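# Topology and contacts: notes
These are the residues of each chain, in order.
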Amino acid sequence: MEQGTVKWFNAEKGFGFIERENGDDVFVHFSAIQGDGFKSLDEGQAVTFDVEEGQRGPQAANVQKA
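Conventions we followed
- Residues numbered from 1 in each chain as written, not as in the entry; some residues may be left out.
- Heavy atoms only, no water.
- UniProt positions renumbered as here; feature names shortened; annotations may be inferred.
- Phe/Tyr/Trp six-rings, centres within 6.5 Å; stacked < 30°, edge-to-face > 60°.
- Helix = DSSP H or I, 4+ residues; strand = E, 2+ residues; numbered from the N terminus.
- Buried < 20%, exposed > 50% of the residue type's maximum accessible area, 1.4 Å probe, protein only.
- Core = buried A, V, L, I, M, F, W, Y, C linked by side-chain atoms within 4.5 Å.
- Contact = heavy atoms within 4.5 Å.

In its metadata, the entry names solution NMR as the structure determination method.

Identification of the protein chain as Cold shock-like protein CspLA from Listeria monocytogenes is taken from the PDB entry. For this structure, the PDB entry title reads "Backbone 1H, 13C, and 15N Chemical Shift Assignments for cold shock protein, LmCsp with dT7". Note on the protein chain: under the UniProt heading Subunit, the record states "Homodimer." Its UniProt record, at the heading Subcellular location, says of the protein chain: "Cytoplasm".

### Concerning the packing of aromatic side chains
Taken as a whole, this structure holds 4 aromatic pairs when the rule is applied. Aromatic pair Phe 15 and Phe 30: ring centres 5.6 Å apart, planes at 55 degrees, arrangement tilted. Within this pair, whereas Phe 15 is found in strand 2 (residues 15-19), its partner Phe 30 is found in the loop between strand 3 (26-29) and strand 4 (46-52), the two being separated by 15 residues in sequence. The partly exposed category is assigned to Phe 15, whose relative accessible area is 22%.

### Points about the nonpolar core
Grouped together as the largest cluster of nonpolar side chains are 13 residues, with contacts concentrated most on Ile 18, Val 28, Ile 33, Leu 41, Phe 49 and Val 63. Looking at this core, the elements with two or more residues in it are strand 1 (3-10), strand 3, strand 4 and strand 5 (59-65). The element that contributes the greatest number of residues to this core is strand 5, accounting for 3 residues. If we skip the residues at most four places from it in the chain, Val 28 touches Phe 15, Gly 16, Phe 17, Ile 18, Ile 33, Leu 41, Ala 60 and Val 63.

Here it is, written out as structure tokens:
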């Protein structure tokens, strides 16, 4: 059950940070978020994501709306 809260969204970058339970900001990508309607993450909103491996950080892929 991979739940996370949107910390802050780098709209001008096309990326964002979603907290893991230990505060570990997971790095989400524009092509990882389901940009249905709008391509942004509501800061403070809780969602789910399919976290993948990443050499330079946890890859927040396949973002599912809670």
